[PDB]
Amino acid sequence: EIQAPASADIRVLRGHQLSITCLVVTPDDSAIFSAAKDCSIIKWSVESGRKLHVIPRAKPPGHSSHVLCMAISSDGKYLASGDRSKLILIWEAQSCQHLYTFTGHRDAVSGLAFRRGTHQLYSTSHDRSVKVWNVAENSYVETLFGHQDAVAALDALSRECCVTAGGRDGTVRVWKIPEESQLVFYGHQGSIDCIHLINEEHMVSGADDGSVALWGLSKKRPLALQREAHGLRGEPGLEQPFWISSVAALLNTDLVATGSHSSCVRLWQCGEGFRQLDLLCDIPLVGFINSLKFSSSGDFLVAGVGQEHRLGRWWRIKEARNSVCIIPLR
């Protein structure tokens, strides 16, 4: 089994001045990039917890508005960061040198993923579009349409395909790019706010009604759905579920992680055929869990925490720390 980590195990990296919005772990597991509502990007050493580089709020390169999303290529070469200025900035991940700025989105960039094994980048946006870029050639390829509202998130693995979470449109969409085809799955579970691939044929999503869903990429209804996955607050009969702010999966395994603002990160195991989600443990962690990523090794989980939700200022948890938390999974 996995030993349930406690506060005495969790390394809390401090330095962002406002809520963390997103992060990535480098493929080699040696570093973390995080971004926050302070508009900066920080590169951290996993091993020491020290800062390796800081890209400040921005004619030096950098972001003038919140970074909402980031992705790193599978060879570790490129970092992409997407912001509320409609921009995707591309960086040399080793040096943090700015390489390019992709323009073309008409509203905030809200999801990014590289196609594994390539330098092909997929983005999505509040402008309701999905875009395809080639980072090696600094080129724009094409735009795909279908979502009916601002898109919340995007993931991809090795196939020429991405999956998106439609937010208030209530859909998860599968974009089969060379096939010029689009599969639309209906969640019937409020706003679909986060998504992550588990393997090439399965994914996990989280919704603002508190539900966590497992999907097969070719079946139109969830294979599993865990209601109120982070529990409840409120009066008897009038309960309000904790909304799901982040989800992560450990590639090619049955391990999934979920985050809300319920004071814990939850680890789950997917049952045979992905037809059931079973809770493994609660990891104590106060605040908005705005980002979750497993290490490549699966030996640690990284959480991006904020006093506030990554998308707005509606709620503040004053007891939380705006931190990048390294959670060991032993």
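Note that residue numbering begins at 1 and tracks the sequence as displayed.
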{"query": "Residues of the deposited sequence left unbuilt between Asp282 and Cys281", "finding": "none"}
{"query": "Mean C-alpha B-factor comparison - 45-53 and 32-40, higher one", "finding": "45-53"}
{"query": "Given 157-165 and 124-132, the range whose Cα B-factors average higher in the PDB entry", "finding": "157-165"}
{"query": "Peak C-alpha temperature factor (PDB record), options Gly259, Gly210, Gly104, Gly117", "finding": "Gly117"}
{"query": "Member of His230, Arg84, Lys176, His98 with the greatest C-alpha B factor (per the PDB record)", "finding": "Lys176"}
{"query": "Third of chain Cα B-factors occupied by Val265", "finding": "lowest"}
{"query": "CA B-factor ranking of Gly287, expressed as a third of its chain", "finding": "lowest"}
{"query": "Lowest, middle or highest third - CA B-factor, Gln182", "finding": "highest"}
{"query": "Chain-relative CA temperature factor third for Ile88", "finding": "lowest"}
{"query": "For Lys318, the third of its chain into which the C-alpha B factor falls", "finding": "highest"}
